[PDB]
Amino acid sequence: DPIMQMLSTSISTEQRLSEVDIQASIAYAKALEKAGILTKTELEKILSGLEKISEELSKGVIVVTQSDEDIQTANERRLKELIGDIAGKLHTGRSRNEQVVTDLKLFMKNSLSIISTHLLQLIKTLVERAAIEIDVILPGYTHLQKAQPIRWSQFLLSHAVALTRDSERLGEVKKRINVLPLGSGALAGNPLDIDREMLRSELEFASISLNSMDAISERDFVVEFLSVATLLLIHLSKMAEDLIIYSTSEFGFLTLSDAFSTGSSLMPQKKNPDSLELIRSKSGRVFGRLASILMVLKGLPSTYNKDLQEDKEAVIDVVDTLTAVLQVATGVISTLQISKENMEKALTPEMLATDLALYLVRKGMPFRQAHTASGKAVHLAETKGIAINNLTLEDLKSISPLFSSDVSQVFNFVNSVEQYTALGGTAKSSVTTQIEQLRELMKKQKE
């Protein structure tokens, strides 16, 4: 019934695992010869047959068909077509339950290396641009209200730091994914005394699963991957929100390149930050995959259950999504143009009310009291229709006699950001230190 089969994994999804499945079968065939189930004469026929399939796949031949239950079944059918009955010995002691997780892990191993590379390039793009644009200052925000002046590079580095934690989380997930489950059989293990150390070595896993029942029932590797990817997308969704708002004509801080923007087929004046919006939307898309698999696993009994097959489509979609989003984000950041003129112009006096308060603190006034006075000063300006940096010393002294002609030094945005030299701050020396820390972090991640 084409219907019930419509509910199982699709053709394109199964095809994506075709090569790793063949790689897994080659390792298994070799261990079977060592275990005495295959003679060297038979092993050779099987390897040659499997290489035959590997060759066809590289030629774009699609092996799996709607007739085949899955790639495992498709490759076994194809082998039998190429070499006859000997192909059936390869099935000895092997379960789809271990092949499915082995193939998925091999695929993830390969996919994460590629994702990792693109993520580091994204981080690097942010870091290198922060180095170059280090002298630029614009408003920093809390509640989307102007808070205090900060360096544009501090802003870029904020996102690089968050992405760097994501890179670290990816690495940790990779270690647990890098554990080989082949040899777990259907749930009880392998009964031929197969050499799992041999399979681990040939398939390049770091170690082998400890318990056969767990190895076949769990999808922790999937959840964990989806979770890390979701938090990564959350970071990108916040950075996209930032750039989309900064791209408004109202803010005017920057403009994306033509490559990462599109116009409107109706409104001739439009230039839209499509790339950013797309990236933001993927957070929901990836989160849905995490929610999906968590629910699929919840309350299922041991050990293997057919429900588990929902992992394949979720993993592949997220891999592809991530791989694309990352390059697009890299493209967006490296090619956007900032307006230093508008960023500078956005720097307004009120943002220095905190500095104005600290000024009084330096002269002995408790911050609580100084906070009040500074607000009173902002109020006084707001009342006479002027900026606080315009109030005369006299208007200031009427708030507090502690104000002196030196107060003028407060109304300077460079002086403002430069007071934040303590590690992590927006001062130039702190931004420089960050750039160095991230370069070393990225070096370590790459190692």
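Position 1 is the first residue in the sequence shown; the rest follow in order.
Between 149-157 and 263-271, which has the larger average Cα B-factor in the PDB entry?
Higher mean C-alpha B-factor in the PDB entry: 263-271.
Tell me which stretch has the larger mean Cα B-factor in this entry, 317-325 or 343-351.
Mean CA B-factor is higher for 343-351.
Among the candidates 38, 380, 422, 47, give the one with the maximum CA B-factor reported in the record.
Comparing C-alpha B-factors across 38, 380, 422, 47, the top value belongs to 380.
Specify which of 338, 82, 186, 236 carries the largest Cα B factor in the deposited PDB entry.
Result of the comparison over 338, 82, 186, 236: 82.
Please place residue 96 in the lowest, middle or highest third of its chain by C-alpha B factor as given in the entry.
Residue 96: CA B-factor falls in the middle third of its chain.
Looking at the entry's B-factor column for C-alpha atoms only, identify whether residue 429 ranks in the lowest, middle or highest third of its chain.
Its C-alpha B-factor, which the entry lists for residue 429, ranks in the lowest third among residues of this chain.
Can you tell me whether residue 181 has a C-alpha B-factor in the lowest, middle or highest third compared with the other modelled residues of the same chain?
Lowest third - that is where residue 181 ends up once the chain's C-alpha B-factors are sorted.
Taking only the Cα B-factors deposited for this chain, tell me whether residue 9 sits in the lowest, middle or highest third.
Tercile = highest for this residue's CA B-factor.
Among the modelled residues of this chain, does the Cα B factor of residue 374 put it in the lowest, middle or highest third?
Ranked within chain, residue 374 CA B lands in the highest tercile.
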